[PDB]
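Here's the structure we're looking at; comments come further down.
6 protein chains.
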Amino acid sequence: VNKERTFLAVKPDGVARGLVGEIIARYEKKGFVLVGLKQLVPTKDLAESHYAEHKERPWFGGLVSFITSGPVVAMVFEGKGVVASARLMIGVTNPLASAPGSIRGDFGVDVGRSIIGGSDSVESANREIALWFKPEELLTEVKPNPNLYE
Amino acid sequence: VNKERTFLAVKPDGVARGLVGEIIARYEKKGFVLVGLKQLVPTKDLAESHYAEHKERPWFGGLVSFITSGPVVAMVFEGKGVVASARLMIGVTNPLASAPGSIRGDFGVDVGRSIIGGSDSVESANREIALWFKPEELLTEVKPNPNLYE
Amino acid sequence: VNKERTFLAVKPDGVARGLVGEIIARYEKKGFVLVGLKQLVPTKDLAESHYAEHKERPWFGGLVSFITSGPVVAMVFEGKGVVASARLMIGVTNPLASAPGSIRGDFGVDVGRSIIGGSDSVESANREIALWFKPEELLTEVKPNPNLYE
Amino acid sequence: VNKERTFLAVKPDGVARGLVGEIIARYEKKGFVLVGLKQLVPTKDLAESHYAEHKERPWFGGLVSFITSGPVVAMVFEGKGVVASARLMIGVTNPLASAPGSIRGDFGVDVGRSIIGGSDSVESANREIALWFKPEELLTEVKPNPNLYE
Amino acid sequence: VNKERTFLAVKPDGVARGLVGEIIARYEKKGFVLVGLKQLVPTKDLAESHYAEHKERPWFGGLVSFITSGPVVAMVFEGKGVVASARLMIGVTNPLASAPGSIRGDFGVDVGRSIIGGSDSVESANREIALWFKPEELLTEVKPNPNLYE
Amino acid sequence: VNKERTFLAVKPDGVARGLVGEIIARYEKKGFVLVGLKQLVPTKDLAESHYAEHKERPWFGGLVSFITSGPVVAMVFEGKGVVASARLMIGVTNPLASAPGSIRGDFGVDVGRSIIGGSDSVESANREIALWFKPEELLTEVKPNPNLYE
Ligand SMILES: B=[P@@](O)(OC[C@H]1O[C@@H](n2cc(C)c(=O)[nH]c2=O)C[C@@H]1N=[N+]=[N-])OP(=O)(O)OP(=O)(O)O
Ligand SMILES: B=[P@@](O)(OC[C@H]1O[C@@H](n2cc(C)c(=O)[nH]c2=O)C[C@@H]1N=[N+]=[N-])OP(=O)(O)OP(=O)(O)O
Ligand SMILES: B=[P@@](O)(OC[C@H]1O[C@@H](n2cc(C)c(=O)[nH]c2=O)C[C@@H]1N=[N+]=[N-])OP(=O)(O)OP(=O)(O)O
Ligand SMILES: B=[P@@](O)(OC[C@H]1O[C@@H](n2cc(C)c(=O)[nH]c2=O)C[C@@H]1N=[N+]=[N-])OP(=O)(O)OP(=O)(O)O
Ligand SMILES: B=[P@@](O)(OC[C@H]1O[C@@H](n2cc(C)c(=O)[nH]c2=O)C[C@@H]1N=[N+]=[N-])OP(=O)(O)OP(=O)(O)O
Ligand SMILES: B=[P@@](O)(OC[C@H]1O[C@@H](n2cc(C)c(=O)[nH]c2=O)C[C@@H]1N=[N+]=[N-])OP(=O)(O)OP(=O)(O)O
Ligand SMILES: [Mg+2]
Ligand SMILES: [Mg+2]
Ligand SMILES: [Mg+2]
Ligand SMILES: [Mg+2]
Ligand SMILES: [Mg+2]
Ligand SMILES: [Mg+2]
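Chains as they are written, first to last, in the authors' numbering: chain B, 6 to 155; chain B', 6 to 155; chain B'', 6 to 155; chain A, 6 to 155; chain A', 6 to 155; chain A'', 6 to 155. A prime marks a further copy of an entry chain.
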């Protein structure tokens, strides 16, 4: 319940613009615990696996090349309904459609430069996390903060 | 009209997390005047009166004990439609449902740790203010800021 | 497409409250390029032209006098769908109705002290820009930021 | 002893400029705990007693009249060496001389509009606190934070 | 005299890094009043006249070429001792030597990318302002703020 | 050489207080580039090797036990004189002595809860980086930013 985890990723455009700390802080303020964190250069295979559900899309190729174009900071956050909440905090697909207050809403304008990526469902999160992180890279005994959880 | 007042309260979880100034500033930026302010430890009777409309609810008891568990900063803000506006700035009951930009939206995740409480109607506000503050604790001749009011 | 431009104006109430930099920064963070900028005291004629579509309204007169009451910082931003996006970032007509995260939502309370004004359509933007800025006051060869545009 | 205390007061200007929350949050970030808070309109006897040290100043009557001109938010913070630290966070007597990062450094320009006042010694703090606050308005249970204190 | 003025300019890098609003707001918070603003692409005659003091520098031609390489936002701020204060808020010549809290301290690392430029004396300010701004672009009515000035 | 590097680590307290993003963003604003990042729970061999310099300290065993008490986010930043600059941005050993604007100055109060640790020399940085990070976790392509470097 409270141990639900979602996978986030500061895209290459997000890293190049120096938005890593801003994004992280927003999740920390919200009360979600960071249980996995690292910066790396996505490999083509990682890019296509993460977005495999889009393989047949015409822009899939452009996406893969972009994701693997520069460093990316991968994160895993745990907390009550973190998956859908993280999505709300991100915005929607189109940055211009994303509301002020949301990451893409405040920083993005192009769907191709969406700043941050994140799991859209618990099912997808468990798959993405297992894809990007090895078991020994994630915290284990995470104790609920009495100020955040009842 | 412009002298409408609402009662806000930084819950114990909000005080313990050091969010007092953040919340206050947000109301100050909005243009609402702070006419009453103090920090105290709610007494059981104050807790049950404030939330009397919930007395029969199964979680009422847990709420009272929490509200009286630690210090709380009580505030009174005045301004055009401050009651409903203050609510919008807070979010909705469920922190996870609260939109980014809103207090609970940016800081909360659990209904039991909602960070801040506030009047839901002018009727409730007049009752809550009179409950938490004595007449001599509130400013009187508040002059409208020409930059904020037409 | 990506060269679309909108006209913004920090109203006199916005300038007097020291919100110029806050507003500008929000547009800069969003990724919109500032192609025209200056502070001036609107002339009655400029005020009535900008808001000519409201000439017959009962509050038109009050508006003109206010707009020309003090300095105003006029801005022109360019970017994908900047017109409608800029509006979203501003909020709606009524500041109290404007959502948190939006300029009026976070700073305003009175329709007469709306902090910032902005074009509601490409048609209106092209007219407002040409009204407030001379051609040699606007940048020309603006190169798309590879971090912002695909 | 992490139980040291000091008296901080954001002068009438501080409040008028809506800097209360900004101030309070700075001390919260530091890890200092608010043990007393309230808004009030200083009395002559109070202000004359607060600054009695400068009874022999050509600007004494001026200061008193200002301090009692509008509402003031009085605060008491507790923590390791909070007295001298609070002073450092405030700046120096002259706002223009105060360094960026410090309250007066970032917000003030006139010695008469110094934004915030604060005890200059434990001796002065114990006197100022006892002057502005009744024992019953002060937090009794002084709890230490493990993340802040070893 | 709270009517002192100084010339501030955020160099081409400052603008490219989208730091204009961040800068302007810092000076606004201080209580300094913007009496002149505009964006432009410096001319050789302008930049050579601005930094004529260093005509005898092996890096003079380099500085000129940079200053005229992209848009620049020129500003004029008025207030008590704004000249030296603005300097303090900027930092020192070397960004790495500039202290945290100061503009170059928080944003710069290279002397060639110093983010912002500013008059070093009232004499230099009066010359720089008259160089960059026409009398008609400067705010005439110099109004003092009671919360800022006694 | 703008290729200098230093090792920064936000201690267990830093993470518990959710200051990771706040920290990372400060260095990002400066223009320093993250070339390595990850979260982990330090080992005794690691912490004893990190602070081996103070093996002869009555508080050595205490520090080690703390450093290995909870997760830590290890970072590597590259840039002109990043080592000494990072130190300046951190503050001094004593948080209460650290100036406002600096990390410990704004967030710390106890030497034992210093929030963040950082190399004190290029020699120490090269050793600390090689200690905490494997060559494969470090960004190879070191690209300079024109707005930051001339
Ligand atoms: B549909 P999807 O998953 O988009 C993934 C990436 O596909 C690229 N893309 C998408 C669409 C729909 C398009 O028209 N053009 C395009 O280039 C960029 C995406 N990043 N996003 N967002 O949206 P989101 O779930 O919001 O984004 P992710 O969290 O990155 O999955
Ligand atoms: B329904 P109500 O008044 O909730 C009051 C408190 O009741 C507790 N509570 C509530 C509900 C509905 C529940 O399922 N469980 C629970 O513990 C916590 C509340 N704080 N809030 N919000 O919502 P709000 O009006 O948003 O909150 P307040 O402004 O504190 O009244
Ligand atoms: B309707 P319109 O253009 O309002 C323009 C100004 O008219 C004034 N006004 C408006 C209305 C509808 C009213 O009831 N009373 C009143 O004084 C103030 C406006 N500023 N705004 N917003 O709304 P917006 O498009 O949100 O505002 P602008 O971008 O300034 O045009
Ligand atoms: B010397 P002192 O105590 O001044 C108190 C206030 O008196 C006013 N004042 C002071 C002096 C010395 C003067 O020449 N003119 C003047 O108007 C404003 C002060 N606040 N400040 N700063 O400065 P500080 O101790 O830094 O500030 P406080 O905490 O307000 O006491
Ligand atoms: B000495 P000066 O005026 O330098 C002006 C700019 O010249 C460039 N420069 C300077 C020197 C001395 C050098 O060795 N190399 C170099 O490229 C960059 C400057 N901006 N700065 N800082 O520094 P400041 O007065 O602090 O800054 P400005 O307000 O830009 O004049
Ligand atoms: B002297 P040093 O290296 O101290 C390292 C940590 O050791 C702990 N400590 C230190 C000293 C000297 C002491 O008396 N008591 C104590 O608990 C906490 C330290 N972090 N700090 N600051 O301080 P710094 O170099 O400023 O900080 P680090 O980057 O953590 O090394
Ligand atoms: Mg997706
Ligand atoms: Mg309720
Ligand atoms: Mg309109
Ligand atoms: Mg004093
Ligand atoms: Mg110079
Ligand atoms: Mg050390």
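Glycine is no exception: its CB is placed at the ideal position from the N, C-alpha and C atoms.
May I have the straight-line CA-CA distance separating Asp-50 (chain B'') from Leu-136 (chain B''), to the nearest angstrom?
-> 11 angstroms
Ordered along the chain, which non-local residues of its own chain (more than five positions away) have a Cβ less than 8 angstroms from that of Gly-96 (chain A)?
-> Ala-102, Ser-103, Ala-104, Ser-107, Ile-108, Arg-109, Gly-110, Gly-113
For chain B, is any of its Cβ atoms less than 9 angstroms away from the one on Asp-115 (chain B')?
-> yes
Near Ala-79 (chain B'), what residues of its chain come up, given a Cβ to Cβ distance below 6 angstroms and the 5 sequence neighbours on each side ignored?
-> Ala-14, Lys-43, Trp-137
For the beta strand (DSSP E) that contains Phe-82 (chain B'), what are its first and last residues?
-> 77-83
Answer with yes or no whether the minimum CB distance from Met-94 (chain B') to chain B'' is below 9 angstroms.
-> yes
Does the segment 7-23 of chain A touch the segment 58-65 of chain A, meaning 3 or more C-beta pairs lie closer than 8 angstroms?
-> no
Using a Cβ cut-off of 7 angstroms, pull out every chain A'' residue sitting near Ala-14 (chain A'), in sequence order please.
-> Within 7 angstroms Cβ-Cβ: nothing; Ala-14 (chain A') doesn't reach chain A'', min ~16 angstroms.
Please name the residue or residues paired with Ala-14 (chain B) in a DSSP beta bridge.
-> B:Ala-79, B:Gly-122
Please find out if some non-hydrogen atom of ligand 3 comes closer than 8 angstroms to the beta-carbon of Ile-95 (chain B'').
-> yes
Proximal chain A'' residues relative to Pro-63 (chain A'), where beta-carbon distance stays under 7 angstroms | In chain order: nothing, as chain A'' lies at least about 14 angstroms away.
Under a Cβ-count criterion, where at least 16 other Cβ atoms within 10 Å of its own Cβ denotes burial, should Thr-11 (chain B) be classed as buried or exposed?
-> buried
Anything in chain B within Cβ reach of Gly-106 (chain B'), meaning under 7 angstroms, just list it in chain order.
-> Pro-105, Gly-106
Can you give the beta carbon distance from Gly-41 (chain B) to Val-81 (chain B), rounded, assuming they're within the 8 angstroms contact cut?
-> 3 angstroms
Rounded to whole angstroms, how far is the Cβ of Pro-47 (chain B') from the Cβ of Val-87 (chain B'), which I believe are closer than 8 angstroms?
-> Actually they are not in contact, since the Cβ atoms of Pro-47 (chain B') and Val-87 (chain B') sit about 22 angstroms apart, beyond 8 angstroms.
Exposed unless 16 or more other CB atoms sit within 10 angstroms - verdict on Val-147 (chain A') | exposed
Segment limits, alpha helix (DSSP H) that includes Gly-66 (chain A') | 65-72
In DSSP terms, what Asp-115 (chain A') is bridged to | A':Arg-118
Taking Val-25 (chain B) as the query, report the chain A'' residues whose CB atoms sit under 9 angstroms from its CB, ordered along the chain.
-> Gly-26, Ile-29, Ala-30, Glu-33, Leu-39, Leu-42
What are the start and end residues of the alpha helix (DSSP H) that includes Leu-39 (chain A)?
-> Looking at the DSSP string, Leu-39 (chain A) is not in any alpha helix (DSSP H); the run it does join, the beta strand (DSSP E), is 38-45.
N- and C-terminal bounds of the alpha helix (DSSP H) containing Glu-9 (chain B') | Here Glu-9 (chain B') belongs to no alpha helix (DSSP H), and DSSP marks it neither H nor E.
Who are the near neighbours of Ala-52 (chain B') in its chain, counting only those whose CB is closer than 7 angstroms to its CB and skipping five residues on each side?
-> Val-69, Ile-72, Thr-73
Nearest neighbour of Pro-100 (chain A'), chosen from A'':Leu-93, A'':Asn-99, A'':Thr-98 [CA to CA] | A'':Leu-93
Taking C-alpha atoms, which residue in B'':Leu-153, B'':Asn-131, B'':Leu-144 lies nearest to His-55 (chain B'')?
-> B'':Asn-131
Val-147 (chain B'') - DSSP class collapsed to helix/strand/coil | coil
May I ask you to list, following chain order, the residues of the segment 131-154 of chain B that have a beta carbon less than 7 angstroms from some beta carbon of chain B'?
-> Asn-152, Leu-153, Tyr-154
What residue does the alpha helix (DSSP H) around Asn-131 (chain A'') start on, and which one ends it?
-> 127-137
So with Cβ pairs under 9 angstroms, would you call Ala-89 (chain B) a contact of chain B'?
-> yes
Say yes only if the C-beta of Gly-75 (chain A) is nearer than 8 angstroms to one or more non-hydrogen atoms of ligand 4, and no if none qualify.
-> no
With DSSP as the reference, label residue 3 (chain B'') as helix, strand or coil.
-> In this structure chain B'' extends from 6 to 155, so residue 3 (chain B'') is not present and cannot be described.
Could you tell me if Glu-33 (chain B) is buried or exposed, where buried requires 16 or more neighbouring beta carbons within 10 angstroms of its beta carbon?
-> buried
Span of the alpha helix (DSSP H) around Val-87 (chain A'') = 87-95
Between the C-alpha atoms of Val-6 (chain A) and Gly-36 (chain B'), what's the straight-line distance to the nearest angstrom?
-> 40 angstroms
Look at the Cβ atom of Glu-9 (chain A'), then the Cβ atom of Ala-30 (chain B''), and state whether they are nearer than 9 angstroms.
-> no
Drop a sphere of 10 angstroms on the beta-carbon of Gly-66 (chain B), count the other beta-carbons inside from all chains shown, and report buried for 16 or more, exposed for fewer.
-> exposed
Give the secondary structure of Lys-34 (chain A) by DSSP, where H, G and I count as helix, E and B as strand, and everything else as coil.
-> helix
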